[PDB]
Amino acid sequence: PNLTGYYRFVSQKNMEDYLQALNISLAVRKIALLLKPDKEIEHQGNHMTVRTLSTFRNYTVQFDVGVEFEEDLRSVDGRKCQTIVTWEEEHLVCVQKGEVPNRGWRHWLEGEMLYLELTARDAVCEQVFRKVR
């Protein structure tokens, strides 16, 4: 599955649980829950760039599938992670090893629908995006 596209926010669920699990303060979560970010993906070979785009903050990550890298998440929750992305069947699976247990995420594609499950500690967030065209 090639994931290149621009994907427009559709919905989210339990994003607050996930933000709490990353130790994000109350004031910052209040605002972050109002963002409705898009995802832009460039997927060429087994290199991917993944952009989370919002009116106030972008977060970008680049990686080769299967190669561990240091992911600078300081603009998100203040941490760095040793991060690895893999293909597990048709799911793109990310484990972000560090201080926070059970931290990572899953993408999968179903037609125009890009699903995203984000996990941290006991928390699970589900986001959905719609591809354009």
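Heads up: residue numbers just count along the shown sequence, starting at 1.
Student: Where do the C-alpha atoms have the higher mean temperature factor in this entry, in 114 to 122 or in 7 to 15?
Tutor: If you average the C-alpha B-factors of 114 to 122 and of 7 to 15, the larger mean comes out for 7 to 15.
Student: Quick check on the record: does 73 to 81 or 94 to 102 carry the larger mean Cα temperature factor?
Tutor: It is 73 to 81.
Student: Using the entry's values, work out which of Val61, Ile41, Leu35, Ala27 has the largest Cα B factor.
Tutor: Out of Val61, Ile41, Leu35, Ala27, the record gives the largest C-alpha B-factor to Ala27.
Student: Is the Cα B-factor recorded for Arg51 in the lowest, middle or highest third of its chain?
Tutor: It falls in the bottom third of the chain.
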